[PDB]
Each structure stands twice: as structure tokens, then as C-alpha cells.
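Each protein sequence line maps, in turn, to chains A, C, B and D. Just so we're aligned: the first sequence equals residues 5 to 1080, 1090 to 1211 in the entry's author numbering. Just so we're aligned: the second sequence equals residues 114 to 134 in the entry's author numbering. Just so we're aligned: the third sequence equals residues 2 to 23, 40 to 85, 131 to 560 in the entry's author numbering. Just so we're aligned: the fourth sequence equals residues 111 to 126 in the entry's author numbering. Below: one structure, written as C-alpha cells.
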Amino acid sequence: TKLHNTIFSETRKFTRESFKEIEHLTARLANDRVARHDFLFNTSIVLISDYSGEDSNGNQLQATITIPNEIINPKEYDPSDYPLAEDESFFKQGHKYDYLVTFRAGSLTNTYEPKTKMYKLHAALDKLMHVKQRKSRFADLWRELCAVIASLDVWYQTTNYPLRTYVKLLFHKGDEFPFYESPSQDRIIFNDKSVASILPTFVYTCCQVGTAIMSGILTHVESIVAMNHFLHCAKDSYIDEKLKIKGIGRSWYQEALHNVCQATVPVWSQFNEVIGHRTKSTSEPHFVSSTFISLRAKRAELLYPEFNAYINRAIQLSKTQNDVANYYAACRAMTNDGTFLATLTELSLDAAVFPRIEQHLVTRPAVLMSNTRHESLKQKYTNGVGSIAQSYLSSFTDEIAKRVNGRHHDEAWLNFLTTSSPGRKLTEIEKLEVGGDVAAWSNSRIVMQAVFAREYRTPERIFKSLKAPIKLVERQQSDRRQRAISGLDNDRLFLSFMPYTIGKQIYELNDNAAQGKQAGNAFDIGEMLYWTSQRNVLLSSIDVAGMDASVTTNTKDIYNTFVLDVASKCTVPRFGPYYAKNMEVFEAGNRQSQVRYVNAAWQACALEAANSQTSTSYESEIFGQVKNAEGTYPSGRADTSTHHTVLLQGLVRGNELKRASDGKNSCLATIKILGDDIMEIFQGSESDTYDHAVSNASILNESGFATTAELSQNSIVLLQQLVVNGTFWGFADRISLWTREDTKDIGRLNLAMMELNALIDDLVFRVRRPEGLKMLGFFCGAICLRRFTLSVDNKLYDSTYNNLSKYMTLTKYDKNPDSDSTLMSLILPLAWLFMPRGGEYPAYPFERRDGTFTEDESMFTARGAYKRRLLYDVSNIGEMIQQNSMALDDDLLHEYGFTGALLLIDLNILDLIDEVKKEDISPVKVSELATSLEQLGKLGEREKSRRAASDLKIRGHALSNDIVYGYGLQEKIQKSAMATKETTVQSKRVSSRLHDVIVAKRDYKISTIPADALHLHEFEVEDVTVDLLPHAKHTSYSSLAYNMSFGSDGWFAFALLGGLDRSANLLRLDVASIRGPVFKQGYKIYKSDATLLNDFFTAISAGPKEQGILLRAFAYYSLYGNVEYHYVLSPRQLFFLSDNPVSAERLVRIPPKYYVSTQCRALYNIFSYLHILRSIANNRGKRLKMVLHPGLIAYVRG
Amino acid sequence: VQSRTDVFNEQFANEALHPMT
Amino acid sequence: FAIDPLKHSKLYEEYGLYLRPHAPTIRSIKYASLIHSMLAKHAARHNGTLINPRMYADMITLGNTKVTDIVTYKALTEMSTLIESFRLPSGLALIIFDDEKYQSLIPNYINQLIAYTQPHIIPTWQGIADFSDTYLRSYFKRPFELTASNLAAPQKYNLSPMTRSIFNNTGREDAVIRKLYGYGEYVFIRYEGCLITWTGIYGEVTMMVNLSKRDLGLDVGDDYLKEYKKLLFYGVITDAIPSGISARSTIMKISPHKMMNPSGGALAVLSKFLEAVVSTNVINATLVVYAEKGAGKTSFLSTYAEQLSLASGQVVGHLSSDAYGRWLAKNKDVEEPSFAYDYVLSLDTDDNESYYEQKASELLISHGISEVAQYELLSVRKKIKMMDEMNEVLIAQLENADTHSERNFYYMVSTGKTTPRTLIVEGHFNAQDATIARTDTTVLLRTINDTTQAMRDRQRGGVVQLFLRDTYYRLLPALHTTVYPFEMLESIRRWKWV
Amino acid sequence: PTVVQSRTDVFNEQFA
RNA sequence: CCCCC
RNA sequence: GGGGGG
Ligand SMILES: Nc1nc2c(ncn2[C@@H]2O[C@H](COP(=O)(O)OP(=O)(O)OP(=O)(O)O)[C@@H](O)[C@H]2O)c(=O)[nH]1
Ligand SMILES: Nc1nc2c(ncn2[C@@H]2O[C@H](COP(=O)(O)OP(=O)(O)OP(=O)(O)O)[C@@H](O)[C@H]2O)c(=O)[nH]1
Ligand SMILES: Nc1ccn([C@@H]2O[C@H](COP(=O)(O)OP(=O)(O)OP(=O)(O)O)[C@@H](O)[C@H]2O)c(=O)n1
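Below, the structure written as C-alpha cells:
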């Protein structure tokens, strides 16, 4: 009492006292809300008005908290803020507010009678502020605020910091919280009606702003400038102002980097190795400088007057490139709260998906040949932008035909539907339907393809699809307008599948695809670091607006003319449901019809382009069924942006030949497109590259896209992941720790806690101070998730608490006579966060019996089975070897509660919930097999692969689970997660033995295995310092990432191990190429029993190209060998540092005598490379000499 | 006197393949 | 065959191919009737499908297979004992007609076999298979034609009721020919449509009409303008566009012919509109129809609006494609024009000039071309250079939503208080999809016209009309479902009401 | 010495 | 489960 | 709703 005065707050170490003390405090926060309100609104807190300190770069700032009067005094709700059309078929055309208006909650009511136009609208706004606002990654939103504010108390050891007064000023009204969310109704509920309607979203704003303070992007002073900017945006519409201002306040850095003038940056080479630093000027080209003038008058208006002076402060003071990226990262968290944006679906539907024509119209191709309906068949452009793209793409048409013939498309279409189910196909229309339990699988793709089987080959199947409106789904994303996506029916999607298969064939023929492949390491952006380092370059990252609304009906035909010529040469008889037959056909210049042979796909490509209706219907609770106007790009029939990627690269490379006829040699290097995002690289003189740069800006305007052309000499953007002079800059705000779209909140823990590790490791190089994230996400795991919501039966409810109370405390509800179930809430010790297949969260130093603390883990520590080593390290491995004992030291582990941490892990709670559902919910037998036995009849017969799969099992070795044979998959396709139904009484019916193992627990022990001796290696610091590799000399100033600033431990880790391998990352990318876990499960075959690898091919049914990748992927991979002692390092968790453990062998020494004669020399490097990453905090230039446990070597030879 | 060719669609197709200057 | 002649010959009655009275031929087709009872029996076993369609195609079509777990192979051995009894010299052949109407009635189980076979495809002409084919010549009577000079006794041309069926092209009533010359021992094929050839500009032209010759008053030598309103609804030109059709074309030959089955896809998009008309879950049903200018679409949709008005009983609105074009010419200067529905219908009259025709007249005078001959004389490059300037006057109205802008025009009209619940809107090119709104239904409409000849026929607008046609045709690829006018009238009869 | 200071000192000596 | 259109 | 990668 309280968290800023704890012994853990001052030493930042666990002990037998402070760790048992910090458990009592955080468990008290998550358990009872009355303690939470006293924590957040405590009287001892002092209010702050004027404040002063240092900014992000050490310059002194003075800011003052200012809360606008319009939140303390919300205006009464105004009916005119959401006008309607006179017919009241929809919202009025022009309208200001797509999102919430700020108003007092008690001013919104509906006196109108039910089933009236105005009654349904007020019911929608009541559905708005009370439903859409709550989006929380964990538990209640108040517990999420506690974990952030609790982290700020422990980190600064002070109750007095500016961010707290924003909480005490806004949310302190009455004795209780202004509002609480009830999980039962999935609604926020207001206890005080005078509160402003927008306030609940601001709890997510402080949770984001409090993350940046722990992160080190924002300091206490810059936090004040940020919070006022959001409260200024709360009038009059909190999200409309953010979406309007966000473009201007992030773009200023161009002019500020112009004033830095000279700067020294590392120069990357082609191979992703740093070859040196270079002193380059950062002056922008003259035409870039003239665009600064238009921004200044615009930044003086829309921006907040105090936040505007902050950017004027940045353009002045900063003198080095590191200072600019620090001011830029600071502006990033002031312009975005990181929350998912949300509205009523039809309010945002207007401007998001409504088609819009801009600049010139697109004109038709000439029709060389036509169907008897006068549908197009093959066509060509006389002139226009469509002729420009065809001058390029026409040379690829013939080669694609040789590859389309090889694929057996019916085998592909059945495999294409398997990759993503359920597809939310329209539900069963009428009686019976037979059925009858297929309605339980009614929302699926493969199930709907199986039910409609005889229907597959009928041509009539396609015309039945044309009567079905295309339902509109909305997928929200951070800091962006709400997106309108279009789901499609099986046959409706099937019409576009043939054009898609031609569309992805081009990727092998070019380097123009940014979507080609991605590894997730620094090699992903690796080419960008090369071009940013070069002399005489004009970089250009052209984002394109719209693309959903920017493709008019006539624009799509540019892509059709490419597919129609490819489908013309392709010979693919009986694609189904179609024939390779003759046809009566009209030609240009001939009077009467001619007789031309036609293959199957050329019909299916023609029929799809002939009928096109992109209108997306949506059924709403207000206006009935609303239908968006035609002219959208559906996003997406079959697949996209494979439509856009062939469309953009043909518009760009074809412009190069358009300049060839004009006689101007076209300076250019390489060009990546995802799409729709484009990126270009122009090398040449400053005058010539601008002339070619203007042409690419104009040709896209001529084809109907409007874009914001960006040009710079020293910076570039791609995938919203930008690079400057070979210096990666992260985006902190894009990761939203505290919100999610699904509102999927459930008490299952390995689902949530292991997911949180994916986020904290994705913030490793997007943050300046990683050490603060560890204290942040610990308290998030120490508070937001300490309870378990399992439903108990009234019979067994009294038997459980009689034993488990000895270790882990839990909640005891009085038995309820009314209903059968009596709930329990299972609190867990903090120790569960650190155990294997627990949280696996990085740990603070512990206290041994000797008093020496264990090593302080960093963000780079691997997870998986390696986390179990922390158990032995508490027992002092250096003492364990001198006594030659493998004893586990169970007594000390009972103190911290590891003994109880493993009791929850022995329940296998997430494994029983799956097994209990598989019994009854899936009938299998005749119900499921009849569809799988039928579904096999469409595939090119046959996959008997289970006979080729179990051939690997006996004997043979076990393999698991699904790499092939998806006719066991439709069983899994019914998850029945919502809800758990009545089967939970049978889920705990098998747990009657699991409370019979707690009476059988008696004195509990932690199990050990003979394979567990591997943990007993521990290193002892030596004396001689390590000579350092040259990369540190180049990166020592103007550092390439926020946490790699000079002298920071994240920089020093790259200095010791070095960068990622060349051939290793290109090769490991290929095992993920076939996938679109198979690598490791099949790798034990390559090491122990190699002859099973050949049948490993035919059990997966991999092709000859896929067979040679897995053989070639074991070549450069086996240099660091197999894991008998496995570890998990995410490629996102690393980024620049070397992945191959061999790199760490240089900085550690081993005695020769420890090696086995011809075996396992390469295993000690995993013992070393995994250890240096675990503790870079205490590492300071020391060569290491490992010692081995005497019983470890006896195990290795056995 | 008139020809199938003077029609705009016909003229355009042609323009499709002996494109003149 | 695919479809089985013996269980239901009424489908082949439509094509006019009759079974021979009852040799290898007759014994063979009775085998096919047994196989269709068998394949239908295996259908119901597994959700209406087969099991190993490539295995059935080897047995039935090739005949090289003999079959002898019992669970999976029980259906095949039952097939093998049946086919092996036939002792055929080779396997049976699968047959399919080119017509889509024949394909739409094929059973589901036959389609599963087709992909693993090489069906013999019999080409059609105008919805009618050629009778010279090897199979149709053996199983069916060969139709015999009777024309003017060809009319004679049965004795002059050796014929029997067994071998031959008689087709009557003479145009005299069939009851007379059947009763007078003794042809009552032969069965006459009947045709409910007409195939009328016309003299065109570029050359001879044919056509198909869905009405019977008695109901269409046209005879040999008749003027095209006579009974023109009937042809526009039920006619289909079957020659490549442009055709030769003119206002002064004359008939040459008229014969009875098979009726045109409506396109399966065109009925699907139109019934999607009718589903929005009946149900109360939708507030506004709105059909959009594009057509090349000069097709006479306003003449057809004036009646099609009335036919739909009799069915649902709701008041159906109508807006000609030039409704906005004339209204923009009037109110471009007035700041706050009325958008009331009947006021816009008052401006749809042909006498008023469209705004687009005014701006295009200046653009032709700017190069000084007022003559049709001077416009036809121009090279294609000279015309395309001008149409890009007409694209600039058009994007100016679609670029944004302003009070005089075209998108706000259709917004205020559709969402007006007194406007009809269902609307029918016309448009000139695909790029107007963003403006006229907001619909899930859109269709092209192909009349029987040579619109580029129809523009030369009309003498009022002259070159200004012909020039706007190509400016719209250049921006109107056929990217939407095609719909002949008779299919829309056919769409209303099939849909059930109330 | 703080760890950073030791790290910086080590860096300077090698690269003088 | 995350990153991205 | 589909595609890219752990
Ligand atoms: N009435 C009320 N309900 C709340 C409040 N806060 C959260 N709730 C939710 O409403 C339900 C019933 O309210 P309470 O009995 O007060 O729950 P509580 O005091 O928050 O206790 P816990 O549910 O264990 O957190 C609970 O399941 C909570 O999820 C609150 O302040 N008042
Ligand atoms: N004689 C003559 N009649 C004309 C002329 N222009 C229009 N018409 C009349 O237009 C009628 C044909 O109407 P439609 O074919 O529907 O022409 P529309 O109403 O403009 O419809 P769209 O061509 O699709 O725009 C004929 O009956 C003529 O009376 C002309 O220049 N000369
Ligand atoms: N889940 C989604 C959503 C839509 N699309 C693609 O997303 C594109 C639209 O991008 P969007 O972000 O909505 O527009 P912009 O903001 O302008 O995109 P950008 O800034 O990257 O240019 C469309 O081409 C569509 O193909 C997709 O493939 N994946």
C-alpha cells in the first residue's frame, strides 16, 4: 500500500519478501473493484496545472494541462446531427459526422412508438455509444487502465506524474465508476448520466498514451501536449477530427529533415551487409522544397495551436537525423490513440465504398471478335491508357499458356476453398433442408461445396448465383476509415477463379511484385536499405487513394483484355462446368458469323467479364436492405490485389516503352507494387528523373486514379513501414495492445497470454526503450488476466476448494439452488506467467539461496521448452555441478509458488474443452463421411493419401497432424465455440477425476526426465575482452532503429552477433512458400531415419518443385542442426540480428575435452547463442568460458 | 452508297489493327 | 443420348425430330432407356451424385471394362451385368446439342459423366440442329420440305410415313395440304416463330421473331415501317452489327421457324429486379438500362413500364436517358432548381433540347462540320481527337456532387417525397454507374436496329445526333448482361404474382 | 561503472 | 494469434 | 470475404 512504495519498486528484483508482497497487491487489484476505484482516485494524489521538464531530445519544455469546457459540459443531443433523406431511404447525402458526436448521455431518448422510422434510428444510436465503444483485449476496461497506471507508478516510483491528473479530472464523479461494461449483455452501462458520451473511448486513449510513456516515445512533458490534442479533438466529433488532421500532422518531417543538412548514415550493400558510413547532404530537390509552402498555411489552420508550435519547434531545434526521428516518433503518438475505429455500418458505408470518377474517363477496347450475344471474346485498344499497358503485358501472354495447361484446375479449385473456411456463405434457403444437421455447418465453404454436389457441373448453377445479392462485411482496422468488404457465394466467387489463376502466374516472370514473398525479418525491407544509400537517386512512394471506388466499370476491362488473350492461347478442355467445343462467332469485318473452336477456360473467362455487377447489398436495422451503387471493385472476386498488381505494373513499365517511341531514354531502376501501394526508384540526374517522375504521376491520372504524389531524395515508404537513408523507423501506434475487433474476450489463458507475447515481441524494434515494455506487459499479465471463469456443477463444486486452497487461492461463490451450475473464479499465482506452456513471459532476476540474483532476461530470450531452464537456475547451477547432484531443490520453489504454478498447467484445461466437444457435436459416421466420400468425386481422382500417410507411422514414426487429407477437416470446421452449450457439464464430468487427482496430489513434486539434464550448462564470466566486429563502427552514430541507438543494449547485441545470413533467409523463405510446422515435423525424418523422407513427399502430395525445396531447405539449414533441446525465437521478435546460432560461437570458448568424437559439436552453439541473447543487460565485453555438468556428458553419449 | 466500314464500330476495329498516323 | 428420347419425346417435339415407328438402330435406343433408369437409380444413393464418374464413363461409353470391397463396387457390378448383356460391337456414344435450352434440361448425373467422355456435339443453326448428322439421320425421320414449286404428290417423290416427316414451307394452311394431297399419313412438324429475311444496306439480312406468322401481318414485299412496333418487341437480328437494316428495308422470304428460348442468364438478372419489387424489405427498387443511342429504348420502355404497372399495381416511374440532359440546359443558371418528380417528367418531352447536344454542336462548328458527308469523310484519328474533347465536357458533370451536378440530380429525384417507389432509369455509358443509383440491377438492351444507320435516317439533329452516338458507344463496352426486349416481357409472364 | 559507460569505453579503445 | 493490402 | 509471411 501502495505500488510506488514497494520494495520491488526500488530494487526491481524479486525476493522471498517483495515477490510475495507484489503478489498480494496485484491480486487485490484484479479481484475487487472497490480497491480499484480507491487506487485510481486516491485523495493523496495532487492535481497538476503548469508543468515543466525535458522533451524527447533533452530540450526543456513548459506545457499546461487544459481540459476543454465542452466535455465537462456536454451539449444536449441534437437530432439534426444525423440528417436523413426526404424519402428516408437513407442518411442525407452530404453529412458532416460519420462517427460519434460528443453529447451528454442523458439527453438521448426516444419517445417514438416502436416500429417507426425515427424509433429505429434512435435505437441505432443507443446501439452505437453503448455497444461499439467497448473493444478490450483483456477483461474489463478498468483493469486494463490499472495495469498501465500501475506500471507508471513502479517505473518512476512516484505518484506525481502529469498523466494521472487526466484520469482524476475526467473519470472521478461520485463514489463509483462513471460506467461499467457487463459481459453478460456486451454493453457499456452508465451509472452517471451527466458524463459525455465519448468518454469511454478515452480510457483506451490513456492506455495508449501510458504505453508510449513506458515505451519512451513520449516523456512526461510531451504527454501533456498529446492529451490536450485528443481532448481538443473531442469537440465536436472525436474521430472525424482525427481522420482529417492525421494526414497533415505526420507529414511535416520532410521539411524538418531538410534543415539538418549534412548527416552521416550507414551504407548498405546488395547482400544486406553494412559496408560503411557515408557523409551525404540531405538537401531536398527544388521541386520538393516548393511544396513546403503549401503545407505551412495548411498546418497553421487545421492543427491545434499548441501542437502546431511543437512541430515548429521540431523544424528549428533538431540538428541530427536521430533527433528528427525522435520528434517524428513523438508526433506519431500525438496524432493517433491506436484504437480501432467504429461506427454504425451504414453511416460509414457512404464515403468508403461509393464509386467515384476522378479526372479522365476510361475508353473501350475495340472488339475484334464476339459471341452471338455480342459479348466480348478477344479485344485490343487502338489508343488510350489501355493501349499503354497492353504494349507491355502482351509479351507475357504466350508463356503463361504453357503454365496454365499444366495445372489441373478442378484439383486447384477444391484446394482453393479449403484454405479459408468458414466463408460465410448465405444460409440455407428453405425446407427441409436435408440435412438435417448440416445447418450446424451451414456457415462454411467446403461444407457448402459438399452439400451442392450434383449442382456443380450444371451450367444452370451459375445463373442461380446471379439472383443472390452480395452481402457486405465490415473489417475494422486501426487509424483508418472503416472498411467495407464483400463476401461472395461459392459459385459467385467461382466465376472469377479462372481469371485469378492467370493473374498469379505473372509473379514468377517479374521482380515487380512487392507481394512476391516476405520473410518477416530485416530481409523484408532489405532492398530498400540499398537504394536509400545510393547517390543521385530520386525516391518516390506513390500511395493511391481509393482503388475500391477508383476503378470504374470501364477500367476493369484493361485487365480483362490481358486474361482474354491468355485464355485464348490456353488449351484446357473441360475445366467444368464447360466444354472445349465449337461455336458460332462474329468477327470484325466479316458480315456473317464464322465457326471457331473454343476451349473451356476461354468461355469461363468471357462469361465472367460479360456479366459484372459489383453492387454490394446490405441488410440494415433502419432502412431495410440498402444497396451501394455499381462501379466498385468488389474487393474481392476470387483474389485481389492480384488484379491491381497486374494493372499497376503494366501501366508503369508500359509507360517506359511509351517514352521509347518518344525518344527519351527512361531512367529507372526497380519498382515494387503490393498493391495497391506502389513504390519507384529513379537513378539519374536531378533534372531528368523529375521529368520521368511527372510522367508516371500523369499517366495514372489519365487512367482515372487520383494520387498524392510523394517525392524525396533521402526517404521512402512501403507497406506503412518506411526507411530513411538506410535507417529503419518503426511505427509504435499501429500496434494496439488494449483493443481488438472481435470482442472475443474469454478466460482461456494460453490463448490470450501467449498472444500477448506476439505483440510485445512485435514492438521490439518499434520502440526506443524496450526495458519499459517488460514492466508494462508484466503488470498487464499480473492484473488483466489472473482469473479463470470455468463453470462448475453443483454436485462437485464443494470438493474442489478443499484441496486447491493449500496453494492457489480461488473464489468461492455460495451454491445457487435456482440453477444447476455454481460458478468459480480461479485466481493463479504470478509464477504461472513464467512457466513453460504458461505465459512464457520474460522474467526479472530472482533470489537464490546463496543471495546472488539470477540473470535479468531481455526481450531476446527464446520461449518454448527453453523457459523450463529458469526452474533449475533458481537452484544455482554453479552450485549444482560442484556437488554433482541433479536434485531439483523443491523447497525453495514452494516459496515463490512454482509448485502451484505447475498444478494449473497439469489440468490441460484447453485440451479437455476440445476433446469433450469432439465426441457429441460431430456425428461423424454416415453424416460426415457421406460428404467426404462425395467431395472426393469432384477432385481429380484420387487422394488415398492416408494410406500413403500412415505408411510413415508404423513403423514408422508418429506425425501430427493435418498436412494432407482435409476430409477430416470439416469435422473441425464446426468449432461450436459459441456457445459451449450444455456439454460443459460433461467437460467437467471428466474433471471429477481431476479433483480426484488433487486429493491424490498429497505432497506434490515437480517431475523431471532424463532428457532434462541439458539445462545444467551455465557460463562463467572470463576476463579477456572480445575484439568487436566492424559493423559497430558504421552504426555507432545515426542509429538504424529506435532501440539500437548508440550504446543501448539492443545496439550492442547486433555488434556482437552481427547481421542475418544471406542464403539462410532466402532458403527458409521457401518452406513457407509451399504453405501459402510442416518443416520441423518432417525434419526429424531427415536426421534419424532419412528413408521415410521419400514417402514424406507422397503423404503430403507435394509436387516435384515442392519436393526439391524441402530437400534443398535442409542443406543450408543443417549447419546449425536439429533440436533435441528446442527453442522458439519469432522472426518478428528478432529482426536485424543473425538467426544462425553459429554466429555466436566466436565469442565463447569451450574446452576441447567436452566434445563427443564425431557427434554433437554443433549443439553447444545453441547452448551459447541462446544464452548471450538471454542476458545482454549484464553483458559488457567479456569472453565466456562454459562449464558442463558431469552428468550432462553422460547423457549426451547415451 | 454506303459501306459496312464507315460505321464507327467498324472504323474503330480497323483502327485497332493498321493503325495509321 | 444425354436427355433420353423415350421417356419424354416432347422436348424433341420442339426441335421437330420424331422417333421412327417400331434393325440395329431400334434395338440400340431401347438400351439407352435402360441405362437412364439405372443411372437415375444410382443417383439417389449419395446425395444425387455418382461415385466414380470416370469409372462409369469407361463402362458406358467405351465398353472396355468388366467388373467382378463389395460396399463400394456393388453399384458398378450391377452396371456391368447390364451392359455386358448388350454384346455391342463397341461402346455407346454420348450426344449433346449446341442449344443452351437443351443443356438446361440435362439431368445432374449426366453432367458428371461428360467431363470424362468426348461427347459428339451436334451443331445447330438457329436453335435447330442440322439433320445431316449420322445419329439424328438414323433415329429420327428426316424432315422433308414443301415450298411453292416443290408442292406435289407423294408419288412424285418417293416417301413413306415410316421414313420421312413433312415440313410445310408453302405458307398455305396445313389443314389443306394434309387433307387435299393425302399427307394425312405423315406428321407435320410445327414452328411457332418466324425467320424473316430483309434487304439491307450492306447486304442481305435475316431476323427471328417470336410471334407466329398468322399473328404477324407481314407478308412478302412488305415495308419495314409497317408493323414496326411488333418487330421491336419480339424480333432479334442474327447478323453481325452493324447490320443493313433501314427504315426502307423490304421483306424477301418468310417461313415458320422455331421460337427463341430466352437466355438463362438474362432472366436471372431481371428476376433479381422483380424480387426487389415485390418484397417490402426494400424501399426503392430501381432498374437501370443502358443502350446505344438511337436504339429506340424510350419507345419500348414506355410500354414495359405499363406492363409492370398492371402486375404489381404500383405506380412505376420512367426517366429517359436525356431527362438530365434537358433539365441541365434549363436550370444551369437558376441557383435552387426544383427537383420535384413530375416537374422533371414535364421536361422529358422530345421538343426540348438537351444540354449535351448544345455543347456538341459548338464543338463540331469549332471545326466547322455540320454535314453528314463531311463527318463520314473524316479519318478515325480525326474523330477520336474530337471525342476526347467531348469526354472533357462529360467529366465536368460527373467529377463531384454539386447542386447542379448530375449525381445530386438523381439523388434528389430518387429520394423525393412524391416520386414513384419503383423507377426505370436509362443511361448512355458505363461510367454513369456512379451517378444513377442505387441499384443491384443493370442491363444492356439490344433492339433490332442499325443505330448508326438510324441516326443517318433522322433528319432533325443530323450530325449532332450521330456524333453523340459514337461518343457514348466509345464509353460503353458490353460489360453487363445483355437483354433483348422480348426477354423482359418474357420475364414478367414467368414470375408469379401475389 | 554503469554498463553503458563500460560499453562506450570498450568501443572507443578498439576504434580509437 | 500477429504483420499487410 | 480472399492473398502475403511466424
Ligand atoms: N452493478 C455493477 N456491475 C458491474 C460493475 N462493474 C462491473 N460490473 C459487471 O456487472 C456484473 C454484476 O455487477 P457486480 O456484482 O457489482 O460485479 P463486480 O462488483 O464488478 O465484481 P466482479 O464481477 O467480480 O468484478 C459483474 O459480472 C460485472 O462484470 C459495477 O460497478 N456495478
Ligand atoms: N422524321 C424524323 N423523325 C424524328 C427525327 N428525330 C426524332 N424523330 C422521332 O423520333 C421517333 C423515334 O423515337 P426513339 O427511337 O425512341 O428516339 P429517342 O426517343 O430519342 O430514344 P433514343 O434514341 O434512345 O435516345 C420517331 O418516331 C420520330 O418521329 C428526325 O430527325 N426526323
Ligand atoms: N482485406 C482487404 C481489404 C481490401 N483489399 C484491397 O485493399 C485495397 C484498398 O485499399 P485502402 O486501404 O482501402 O485504400 P487506401 O487507403 O488508399 O490504400 P493505400 O493507402 O495503401 O494506397 C483494394 O484495392 C483491395 O483490393 C484487400 O485485398 N484486402
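C-beta atoms are modelled at their ideal positions from N, C-alpha and C, and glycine is treated no differently.
Secondary structure of A:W272 (DSSP, three-state): strand. Ranked by Cα distance from A:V1155, the options A:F43, A:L568, A:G904, A:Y1177 are led by A:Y1177. One Cα belongs to B:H466, the other to B:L390, and the distance between them is close to 7 Å. Residue-level contact check: B:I316 does not touch chain C, since none of the beta carbons of chain C fall below 7 Å from its beta carbon. Residue-level contact by beta carbon fails for B:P482 and chain A, as no gap is shorter than 7 Å. Cβ contact annotation for A:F175 (same chain, cutoff 8 Å, sequence separation greater than five): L44, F45, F181, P182, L203, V207, in chain order.
Beta-bridge annotation (DSSP): A:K816 is paired with A:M828. In terms of CA proximity to A:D894, A:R852 leads the group A:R852, A:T556, A:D924.
Of all residues in the segment 1021-1048 of chain A, the ones placed with a Cβ closer than 8 Å to any Cβ belonging to chain D are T1029, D1031, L1032, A1036, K1037, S1040, in chain order.
Close CB contacts of A:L247 within its chain, under the 7 Å cut and outside five residues either way in sequence, are with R485 (chain order).
By DSSP's assignment, B:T504 forms a beta bridge with B:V350. Residues of chain A whose Cβ lies closer than 9 Å to the Cβ of B:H63 are, in chain order, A457, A934, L937, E938, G941.
The alpha-carbon of A:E434 is positioned some 11 Å away from that of A:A443.
Shortest Cα-Cα distance from A:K1195 to any of A:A1057, A:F782, A:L470 involves A:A1057. Distances taken from the Cβ of A:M683 to the heavy atoms of ligand 3 include none shorter than 6 Å. Following the DSSP letters along the chain, one finds A:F12 inside the alpha helix (DSSP H) bounded by residues 11-15. Within the DSSP secondary-structure output, A:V599 pairs in a beta bridge with A:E588.
With respect to chain A, the C-beta atom of B:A347 has no partner C-beta closer than 7 Å. Within a 10 Å sphere around the beta-carbon of D:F125 sit fewer than 16 other beta-carbons, which makes this residue exposed. Partner residues in the beta bridge of A:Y184, as assigned by DSSP, are A:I193. With the criterion CB distance below 6 Å from any heavy atom of ligand 1, the matching residues run A:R37, A:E180, A:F181, A:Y184, A:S186, A:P187 along the chain. B:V84: not part of any beta strand (DSSP E); DSSP gives it neither H nor E. For B:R520, the CB falls within less than 6 Å of some heavy atom of ligand 2.
Listed along chain C are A126, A129, each with a C-beta nearer than 7 Å to that of A:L372. Around the C-beta of B:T85, fewer than 16 other C-beta atoms lie within 10 Å, and the residue is accordingly described as exposed. B:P318 carries a strand assignment under DSSP once its states are collapsed to helix, strand and coil. Shortest gap from the CB of B:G358 to any heavy atom of ligand 2: under 6 Å. Apart from the 5 residues on each side of it in sequence, A:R1162 sits with its Cβ closer than 6 Å to the Cβ of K1198 in its chain, given in chain order. Taken in chain order, the members of the segment 77-95 of chain A whose beta-carbon sits within less than 7 Å of a beta-carbon on chain B are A89, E90, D91, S93.
Beyond the five residues adjoining it in sequence on each side, B:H542 comes within less than 8 Å, by CB distance, of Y352, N492, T504, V505, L506 in the same chain, given in chain order.
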